[PDB]
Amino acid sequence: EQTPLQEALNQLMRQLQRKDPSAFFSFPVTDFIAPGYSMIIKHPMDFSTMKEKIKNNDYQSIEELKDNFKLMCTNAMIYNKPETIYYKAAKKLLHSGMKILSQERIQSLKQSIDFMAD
């Protein structure tokens, strides 16, 4: 039902989402709640979309998930003005998420994935 890589990606997801208690990054931003979003942000990302990419096996590496997570936070800091709650929340989430997605945890998880293979 899940490969070791999928299991590892799903666990990181849960860890990252716990750093978004406001649930602002849980779901895709739409043009209705953020006017002109689709004209400014060319590659949207959110936790629910990351969740489908894992289930659909779109990720070949943990680094890909980390890139998507950074994209999530980068999009929010580009679209939202610094005085907004969403900008501040993106900065807090980026800092907390990058500690979760440290080189040491990523390398540790990659070692485990290889040990569970073949």
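Whichever C-alpha set is largest while still superposing within 1.5 Å between the two forms counts as the rigid core. All residue numbers are counted from 1 along the displayed sequence.
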Checklist entry - If you line up the core and then measure how far each C-alpha sits from this form in 7 other deposited structures of this protein, which stretch comes out higher, 79-87 or 64-72? => result 79-87
Checklist entry - Say the other structures are aligned on the rigid core; which stretch then has the higher CA RMS in 7 other deposited structures of this protein, 12-20 or 99-107? => result 99-107
Checklist entry - For the C-alpha atoms alone, is the average B factor greater in 32-40 or in 66-74, going by the entry? => result 32-40
Checklist outcome for this item: Once average C-alpha B-factors are taken from the entry for 49-57 and 79-87, the winner is 49-57
Checklist entry - Going by the entry, which third of its chain does the Cα temperature factor of residue 18 land in? => result highest
Item to check | residue 110, C-alpha B-factor rank within chain (lowest, middle or highest third) | outcome: middle
